[PDB]
Each structure stands twice: as C-alpha cells, then as structure tokens.
Amino acid sequence: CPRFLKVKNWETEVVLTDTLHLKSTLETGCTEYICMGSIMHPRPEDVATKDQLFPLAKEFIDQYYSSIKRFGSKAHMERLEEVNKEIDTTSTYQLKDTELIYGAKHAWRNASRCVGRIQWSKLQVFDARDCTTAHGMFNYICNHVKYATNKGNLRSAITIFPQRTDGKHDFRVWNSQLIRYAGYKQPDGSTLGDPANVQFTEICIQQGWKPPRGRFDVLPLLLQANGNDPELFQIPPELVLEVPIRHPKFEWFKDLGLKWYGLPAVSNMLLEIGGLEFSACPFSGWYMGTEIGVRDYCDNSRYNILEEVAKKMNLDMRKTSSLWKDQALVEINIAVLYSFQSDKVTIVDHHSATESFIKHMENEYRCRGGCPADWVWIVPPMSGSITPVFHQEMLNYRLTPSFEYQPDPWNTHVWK
Amino acid sequence: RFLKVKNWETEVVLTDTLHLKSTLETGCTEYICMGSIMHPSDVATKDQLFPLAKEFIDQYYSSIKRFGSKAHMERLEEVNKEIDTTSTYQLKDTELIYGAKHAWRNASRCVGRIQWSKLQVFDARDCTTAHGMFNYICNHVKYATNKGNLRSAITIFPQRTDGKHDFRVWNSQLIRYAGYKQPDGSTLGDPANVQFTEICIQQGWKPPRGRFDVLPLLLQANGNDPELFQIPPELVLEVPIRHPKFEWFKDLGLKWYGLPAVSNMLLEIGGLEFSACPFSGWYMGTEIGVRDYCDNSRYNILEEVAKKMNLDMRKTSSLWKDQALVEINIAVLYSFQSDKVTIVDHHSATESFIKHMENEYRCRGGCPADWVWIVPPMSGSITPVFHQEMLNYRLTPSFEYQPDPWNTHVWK
Ligand code: HEM
Ligand code: HEM
Ligand SMILES: Cc1cc(N)nc2cc(-c3ccc(OCc4cncs4)c(CN)c3)ccc12
Ligand SMILES: Cc1cc(N)nc2cc(-c3ccc(OCc4cncs4)c(CN)c3)ccc12
Ligand SMILES: C[C@H](O)[C@H](O)[C@H]1CNc2nc(N)[nH]c(=O)c2N1
Ligand SMILES: C[C@H](O)[C@H](O)[C@H]1CNc2nc(N)[nH]c(=O)c2N1
Ligand SMILES: [Zn+2]
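Thresholds applied
- Residues numbered from 1 in each chain as written, not as in the entry; some residues may be left out.
- Chains lettered and ligands numbered in written order.
- Heavy atoms only, no water.
- Contact = heavy atoms within 4.5 Å.
- Buried area = accessible area lost by both parts, 1.4 Å probe.
- Salt bridge = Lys/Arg side-chain N within 4 Å of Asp/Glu carboxyl O.
- Polar contact = N/O pair within 3.5 Å; in protein donor to acceptor, adjacent residues only side chain to side chain.
- Near = heavy atom within 4 Å.
- Nonpolar A, V, L, I, M, F, W, Y, C, P; charged D, E, K, R; others polar.
- Domains from an automatic or database assignment.
- Pairing = 2+ DSSP bridges.
- Helix = DSSP H or I, 4+ residues; strand = E, 2+ residues; numbered from the N terminus.
- Axes fitted to C-alpha atoms, helices over the stretch in contact; angles between N-to-C directions.
- Buried < 20%, exposed > 50% of the residue type's maximum accessible area, 1.4 Å probe, protein only.
- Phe/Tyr/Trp six-rings, centres within 6.5 Å; stacked < 30°, edge-to-face > 60°.
- Donors = N, O, S within 2.8 Å, 3.2 Å for Na, K, Ca; no water.
- Tetrahedral: all angles 85-135°; square planar, octahedral: opposite > 155°, others 65-115°.
- Patch = residues over 30% accessible without salt bridge, like charges linked within 9 Å, V, L, I, M, F, W, Y side chains within 5 Å.
- Areas by Shrake-Rupley, 256 points an atom, 1.4 Å probe, with all protein chains shown as cover.
- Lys, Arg positive; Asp, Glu negative; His and termini not counted.
- Charge placed at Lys NZ, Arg CZ, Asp CG, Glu CD.

Under the PDB entry, the name given to chain B is Nitric oxide synthase, brain, and the organism recorded is Homo sapiens.

The PDB entry lists chain A under the name Nitric oxide synthase, brain, with Homo sapiens given as the organism.

Caption draft 1: Structural view of the interface of chain A and chain B. In this assembly, 64 residues from chain A lie in contact with 65 residues from chain B. Note on chain A versus chain B: buried area summed over both sides is about 5400 Å², and carbon and sulfur give 60% of it. If you look at where chain A meets chain B, you find 0 salt bridges. The tally of links from chain A across to chain B stands at 29 residue pairs in polar contact.

Caption draft 2: Quick peek at the site of ligand 1. All names here are of chain A. In the neighbourhood of ligand 1, 16 residues make up the surrounding shell, with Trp108, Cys114, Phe283, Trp286 and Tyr405 lying closest. One nitrogen or oxygen atom from the side chain of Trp108 is found 3.3 Å from a nitrogen atom belonging to ligand 1. Residues belonging to the shell around ligand 1 are distributed by class as follows: 11 nonpolar, 3 polar and 2 charged.

Caption draft 3: Structural view of the domain arrangement of chain A. Residue and element names in this part refer to chain A. Taken domain by domain, chain A comprises domain 1 (18-129 + 156-166 + 270-284 + 354-378), domain 2 (130-155 + 170-241 + 405-409) and domain 3 (242-264 + 287-352). The C-alpha-based centres of domain 2 and domain 3 are spaced at 24 Å. Contacts between the two partners involve 19 residues from domain 2, matched on the other side by 17 residues from domain 3. Buried area between domain 2 and domain 3, summed over both chains or domains, comes out near 1700 Å², and the portion from carbon and sulfur atoms is 55%.

Caption draft 4: Seen up close, the sheet that holds strand β9 (residues 227-229) of chain B. All names here are of chain B. Taken together, the 3 strands give an open sheet; going across it, the order is β5-β8-β9, and neighbouring strands pair in antiparallel fashion. Both edges of this open sheet fall to β5 (168-169) and β9, since each of them pairs with a single strand only. The sheet contact formed by β5 and strand β8 (residues 217-220) spans 2 bridges and is antiparallel. By the bridge assignment for β8, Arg168 is matched with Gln220. Contacting β5, β8 and β9, helix α4 (residues 130-145) runs over the sheet at an angle of about 130° to β8.

Caption draft 5: Focus on the pairing of strand β13 (residues 266-269) of chain B. Residues and elements named next belong to chain B. Both faces of β13 are covered, namely the face carrying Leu266 and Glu268 and the face carrying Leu267 and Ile269. Judged from the 3 bridges that link them, β13 and strand β18 (residues 398-400) form a sheet pairing that is antiparallel. Bridge assignment links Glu268 to a residue of β18, and that residue is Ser398. Judged from the 3 bridges that link them, β13 and strand β14 (residues 272-274) form a sheet pairing that is antiparallel. Of the residues in β14, the one forming a bridge with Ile269 is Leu272. Counted along the chain from β13 to the antiparallel partner β14, the turn is 2 residues long, and its residue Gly270 has a positive phi close to 45°.

Caption draft 6: How the structure looks around the packing of aromatic side chains. Residue and element names in this part refer to chain A. For the coordinates displayed, the defined rule picks out 43 aromatic pairs over all chains. A centroid spacing of 5.0 Å and a plane angle of 25° characterise the contact between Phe250 and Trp252, whose relative ring orientation is stacked. Given the relative accessible area of 22%, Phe250 is considered partly exposed. Each member of the aromatic cluster is reached from another via a ring pair, and the members are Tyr181, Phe216, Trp260, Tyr261, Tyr287, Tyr297 and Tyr303.

Caption draft 7: Local environment of the coordination of the zinc ion (ligand 7). Here the zinc ion (ligand 7) is held by the protein donor atoms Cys30(A) (SG), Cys35(A) (SG), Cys28(B) (SG) and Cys33(B) (SG), which lie 2.3 to 2.5 Å from it. Taken together, the 4 donor atoms coordinating the zinc ion (ligand 7) and their angles of 103 to 113° define a geometry best described as tetrahedral. With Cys30(A) in the loop between β2 (15-18) and α1 (50-67) and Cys33(B) in the loop between β2 (13-16) and α1 (46-63), this residue pair bridges two chains. Per residue, the accessibility class of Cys30(A) equals that of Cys33(B), and both read buried.

Caption draft 8: Summary view of a negative patch on the surface. The grouping of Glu27(A), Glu32(A), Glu25(B) and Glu30(B) at the surface amounts to a negative patch. Note that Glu25(B) resides in the loop between β2 and α1.

Caption draft 9: Up close: the pattern of salt bridges. Residue and element names in this part refer to chain B. Tallied over the entire structure, the rule returns 47 salt bridges over all chains. Salt-bridge contacts for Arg298 lead to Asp190; the nearest nitrogen and oxygen are separated by 3.4 Å. Taken as a pair, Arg298 in the loop between α6 (285-294) and α7 (302-308) and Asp190 in the loop between β7 (187-189) and α5 (194-202) lie far apart in primary sequence, 108 residues in all. A salt bridge links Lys308 to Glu304, with the shortest nitrogen-to-oxygen separation between them at 2.7 Å. Highlighted residues: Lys308 and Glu304, both in helix α7, separated by 4 residues, approximately one helical turn.

Below, the structure written as structure tokens:
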C-alpha cells in the first residue's frame, strides 16, 4: 500500500494527507476491480481461539499504552505479560476499566459512518460486566436512559454488558433501539404504527406482550442474559421523553398527531475491543433532525406522511416536476427542528452537524493522521450539496476498536 | 463469485455477473475504499495495443451474434497487420458507433443511461484544423438542440497518435457563461469558469463583461495552438428562469442555456484514445438549480432568493437554504417545460434509472453504477436510488478524465 494518501475538498481547495489508513485492520469489501462502497453490509460456536486472540490483544494493548505516552514502559510490558498469561490459561482475558473506556471511545471515533464524532471523547461509559440476569440488564438500561436523557439536555453514553465467552452464553438486546414505536400489519395489508418495526413487534407479541395497538406505542425491552431465552420488560413511561411535532407557520401541522422520542439509542450492534466481543453494548447520543424528518417520516416503508403533508399544503401532486415531495420534506424537517428546540430537547440540524464534522475531520487529520469517513452515510439524506461534506473527499477504512454488525438474535438463538 | 445488490425499499435483489468482465482498476483495495475520490489513482505501444484491440473486436462481434465467424476472424487479422505496420489502427464506422454507445452505457456516474442506445454519432476523424473542428461543433450543437426537443449526440475527432498532435476542445463544455473576477473581490458571471474566461481574454477575446456572456470556443487541432471561435448566437438556445408562483423571480434576471455538452473528457475504444469527443444530452433540473446556482463557488443566489421569500436567515435551523433550493429548482423545471425545452426532474430520472438497472441485470448480468454520483444533490432519500445498492466497476469502452490542456500543451 502507498504510504501517503491525499483527500481534496473541491469547494475550498484544502488538501489533507492521510497516513492513518496504514493501521487499518479489517476488510472494506472492495477489491482492486470492484467497489462495494454502497453495500449496506459488505455460527454460535465460533469464538476467537487462543492463537487468534494473542495478536489482537497485543495490538490493542500496545495502542492503548502508546495513547497514554507510556509505550514500552514497565507498566506496558507487565500488562502484556498479564494479558498473555490470562489468554494462555483461560483462553480469554478481561479488560481494565481504563482500557474499556478507551476502547469504547475509540470505537466511536473509528465509526466511519457517524457524522457525530466531534463528540467522541465526551462519552459516559457504564461498566455493566457484572450483570448476570435480564432483570439486571433492565436496571442498567433504565439508568442509561435517564442519564442520557437528562430532562432534555441529552448526553452521550454506552452501557457495556459482559463479553462473549463460548458463544452459547451471549448477552443480547433483541431491540434494535432501546426506544422504538410498534408497527402492526393489519389483515387488510395496511400498517398501523411504524412499518420498520413490524417484525420485532410480532416477536414481542409472541413472547407475551399485550399491544395497545396505537400509532406510537413504545415497544418493550426484550433482553437476553448469559445465553438464556430473552425476557420482556416495560420501560417506565416517565423515562421516555417525547416531543409533539408542530410547525412554526402551519397551525394544522399539530392536527396530524405526530410525536417522536428524544433519545436515539442503538442496541443491536457489537463492540470489538482487543479481539473481545461485547454483543450487548447499547449506545446513545442525540438526533440529527433529518433522521426523524426525512427517514423516520417520509421513507415510503416508514410513516409516509409526505402525501398527507402535501395535501394540507395544497400542492399539485399530479406531476413529480412540481417538486411537491421536496417541498413537503423541507417543511416536515422544519417542524421537527422547531418542536425539539421549543421543548429544549437537544437536536442538531444537518447544516450544523456537517459543518462540525468537517472541522472535526481536519483536526483528526492534523492530530491523528487521518479520519475514516463513509461519504455515502456522512452526507445527509436531503439537501446534500448545500452541506460541506458533499464536496469533501473521504477515505473509508476500518480501524479497531469498532462497532460491528451482528445477526439478529431470533435467527441464531437456541431456545431452551 | 456472483454478487448481489438489494433495494432496501422494495427488497428486490439483483445478481451481478458482469463485473467479472472488467480488468481496469477502481482505486479501492481490500483495506481502503476510494468511492468518494473524484479522480482516484499517455502514449500506447504496439505491445499493449493488440490485446486491447483484440478484446474490443471480440465483444463487438459477440454483441452482433457473429463470434468466431469469417468476418470476425478476418477483422482480427486485419487489425493485426495494421498495428504491425502503423503502430495503431482505425475503427470501422460500425465499431466507432458501437464503442461510443457502449462508453455511455458503461459510464457508472451517469444517471441518464436508459437512453444509452439512442445516440447520434458524428464521425469527425477526417478533421485536420480548428476551423474544421468549429464546423463540426456548430453542426453538433444545432442537431442536438433541435429547437428545444433535445437529442443526444457525440462528435469524435481524430484519435491520439504520438501525444504531440492531440485534438483538444479546451472548453469544459461547448456552451458556458464567462466568469469575471472583480477588483472588489467578488465574481461577475459564472465562478466555475473564472480561469478559462481569463485564458480566453489572454488569447484575444473581447469580454462583454455581462452576467451571461457565452464563452468562445477555443480549439486545438493536431497539437497546434488553440484558436478562438464564437458560436453563432442563434445556435445557442436559452431559457429565462421564472417561477410559477413568485412573480418577483423573473426580476432576478436569470437564465441558463438549454444544451449541456461536455467536451473535456477522453473516449477510449479498443486501446485507442479520442482526446476530443464532445457529447451532449439534456439537463437534469438539479445540475442547474442546485450545483450551477447554489454551490459556494457558483452563482450563489441562494441568499437573495431567501431574501425575497422574507425567510428568517439568522439561524441555519430554520432550513432557509433548503426552502430556497427547492424553489429555485421549481422555477428551472417550470421554465424549461414552459419553453418546451427538454429537461428531466430528478424524481423521474432516478426512477427511469432504476428501471434501466432492472433491464441491464436481466439482459447483461449487471450495470456498473456510482452511488456517490447517481444520487441527486437534493432530496436524496425520497428518490429510489438512495435505497438501491450499487456495484461500481470499470468496463471498457469508457469516458475518462484527462489533464486540462493548458497544463501539457507545448506552446509556440
Ligand atoms: C452525539 C450525537 C450523535 C449524532 C448527531 C450522531 C449522528 C449519526 C447519524 C446521523 C448516523 C447515520 C444514521 C442514519 O443514517 O440512520 C450515525 C451513525 C452511526 N453512529 Fe453516530 N451519532 C451520535 C452519537 C453516536 C455515539 C455516541 C455513537 C457510539 C458510541 C455513535 C456511533 C455511530 C455508529 C456506529 C453509526 C453507524 C451505524 C451503522 O453502521 O449502521 N454515534 N450517527
Ligand atoms: C440524455 C440525457 C442525460 C442526462 C439527463 C444525464 C445526466 C447526467 C448527470 C445528472 C450526471 C452527473 C452530473 C453531475 O451532477 O455532476 C451525468 C454524468 C455523466 N454523463 Fe450523463 N446524462 C445524459 C446523457 C449522457 C450522454 C449522451 C453521455 C455520453 C454519450 C453521457 C455521459 C456521462 C458521463 C461520462 C458522466 C460522468 C462524467 C464524470 O465521470 O465526471 N451522459 N449525466
Ligand atoms: C448513536 C446514534 C445517534 C444518532 N443520532 N443516530 C444514530 C444512528 C445509528 C444507525 C443508523 C442506521 C443503522 O442502520 C439501519 C438499518 C436497517 N436495516 C439494515 S441497516 C444503524 C444500525 N442499527 C444505526 C446508530 C447510532 C446513532
Ligand atoms: C452528457 C451529460 C448530460 C448531462 N445532463 N450532464 C452531464 C454532466 C457531466 C459531468 C458532470 C461533472 C463532471 O465533473 C468532473 C470535474 C469537474 N471539475 C474538475 S473534475 C464532468 C466531467 N467534466 C461531467 C457529463 C455529461 C453530462
Ligand atoms: C467529493 C465528491 O466525490 C465530489 O464532490 C462529488 C460527490 N458527488 C457528486 N455527485 C454529483 N451528482 N455531482 C457531483 O459533482 C458530485 N461531486
Ligand atoms: C443502498 C444504500 O447504501 C442505503 O440505502 C444507504 C445509503 N446511505 C445511507 N446513509 C445514511 N446516513 N443512512 C442510511 O440509512 C443510508 N442508506
Ligand atoms: Zn470502494
């Protein structure tokens, strides 16, 4: 691989030089002759063997001691020997609290698809590796929600449950996010609630959940501890902060009865540190408005209120070239930002977030020698080119620690 | 291996076998993806040239269902003797048309390729001077414009020989507006062309110093210095931009040209290089109304439109930029349609491209596609290409980038 790599910003002419790509540790899916940059994702027995784990742990341990300016030190060599001894006798090892916190912050810092990473070092890390039961998982998750929510002054956070051991004792959160709304397919084919969530809603109902059958029913938590069958828990509703969506000019917008929750909390990904696998690690920050306003509302396989908004706007919906879709999309995203700001719930518009990300990316190139970024995901789903990431070249590559995808647990669980 | 691409909105899955036929590089590796680098990373030889020519002839006679026929075996031998004796070879007209249509078909970044086989190919390989180039280009412009009912076209000038005798169109597009760098700092006209505009002044052009001054053609023939030509104004179709609800929009004084004709790329067929090959189609509304008027380094009227819309411009969270962008694009589509000048909105175009992808996977086993470039620069996720997984790879014949001529040309 070539040793220096330049990315150019075509709007400002700034050229940056990436050396950090030489530390990349896993595959992007691309080859010399094909590019998978727009592919979304390019056995329970399988855990890391003694031999695979040694290099992965030393790799991480070295990187940690280099970060605290103690590389090659006595404390570094001793920690190497102690980690190596644990792997030798017990086939795994345990991270220190210092290294767990470092590893979580760096999995976010390394997350190429996240436009929010200017915040990467202000992340509250909750060590939940002492959890043994799904009730205990419920306790840790409630405390996460309340802290992160902070009455609307949101704060970013991750709760890290025990690492994988033999693959038959995993901790998993079956929900894809801690807070989502239920979706119900009707016998007539239509959908009530959130169509993205129909499958998980059906699983919950099989597991015993009594559905209210409404538009905005917060889904229960489905929680698996130590490889056991998962269990249901209702989140205390006073912990679920919500914003009713209204519009600063259209008095009729409130009459649509829309609301959204304040806290985006992803709970189905896997955190990899030093070759250790934390299959339950929910993490939360705060919304970019377009994640609600464009995707959560206007996607056809979502709440698809685009037509309903355009109807109340008196827009010619007979031809696409009227841009009636584009005009409704902007107003909805205007409402979403205005409702969150009015109720003083933290939220960032896509102009401010993309402008922070450029500033962040440059500092990373300066202080770190690079910043992996996934342009396909960094650029917002509306008004792309009137944000500065559009004209920003980016290099994508996977560093560790990292957040990884993992199969949905109902596909893999061995039912007791 | 076969490769699948899924559409996350329809859950339709397509299977790509076509990628196995490429051998040009993309710039990515297994460890670093360069999908958002604009130009990731010229004289042939007889040694490199025969296999490149061999593959192209093979796929031409395979396309016309006569692989391994007598005409195929004799075109093989005919091309062999000619690279032998002349260090290059000349394409039949049939092969020139096939390769030109297939370079468009292979343009991963082009959302308009459902039209790919409807392309009028103008053979200009007998041209020898810049006066001849200007005659061929006026004819192109006039055929393609067709009084508003635009038609796709390409004009192919002689191929590169030894690098010292390139034909080049120095303009990046056949029709563009001048950009004048003011003393008081700002920019009159079009900021995208400020450099080229000054190069035209440096060659003798008399600038009208207006806001919509059509630049002259600057034309290089057989390695010689370029020469200035004014396109006859009646050949240049333009649309005054107005808005169907905001009667104050016409007062902005805006207009654009109807014909997009890219003239600075390189067409490669069968190992041969065509350094001058202007090609044109019609506009997607966003090329004008998003990029040409609203980029920072462009006409940047966004602020003035939000002004006359009396919008709150103090904080970005009011999305005043988003509201203005949509209205600018409503006007553009509304003006071209009212003048019966061919234009496509980004909803219809992306929708046609999904249909084009379907056709390609069925009959051809795939369709190279650059999601970074296919997705429009506004309202991305409310178009069907946002949720469509694409595989990008390099098939030949193709359109390529080349250096600007004012960097390489040995002046005299
Ligand atoms: C602090 C405020 C944050 C903002 C504004 C933010 C914003 C975003 C957005 C807009 C996306 C794309 C979402 C989509 O298109 O559906 C994203 C992806 C992502 N974010 Fe952030 N995020 C924040 C916090 C965090 C935190 C705290 C973490 C982890 C510690 C994180 C890790 C990720 C990851 C891993 C992805 C990629 C998900 C995937 O690959 O599917 N983010 N973020
Ligand atoms: C017929 C109507 C056509 C439409 C609506 C159309 C639309 C587009 C658009 C929107 C782009 C992206 C431009 C940008 O946003 O920067 C593009 C790129 C491109 N088009 Fe098409 N196009 C058309 C015809 C053609 C024709 C006739 C050719 C050549 C024969 C062609 C070759 C290309 C190439 C090579 C690119 C990519 C250039 C690059 O790599 O930078 N297109 N087209
Ligand atoms: C912390 C934080 C703050 C925020 N503001 N936004 C986020 C969005 C994400 C995200 C976005 C899309 C995803 O992928 C969606 C898919 C559905 N089906 C196949 S991929 C996933 C993967 N769970 C996560 C993850 C974390 C976020
Ligand atoms: C035929 C046709 C019809 C149409 N409707 N639209 C087009 C847009 C294009 C295009 C768009 C951006 C480019 O940009 C690359 C660069 C600009 N500056 C430094 S690299 C280029 C390459 N000249 C071509 C090319 C052809 C088009
Ligand atoms: C850096 C980035 O690749 C570059 O600005 C590209 C991004 N995508 C684009 N997409 C379109 N349609 N047109 C463009 O000019 C660009 N520019
Ligand atoms: C097929 C395509 O890659 C897919 O729809 C992606 C495109 N880019 C995206 N970008 C973001 N930020 N979020 C997304 O969900 C997606 N979806
Ligand atoms: Zn790639």
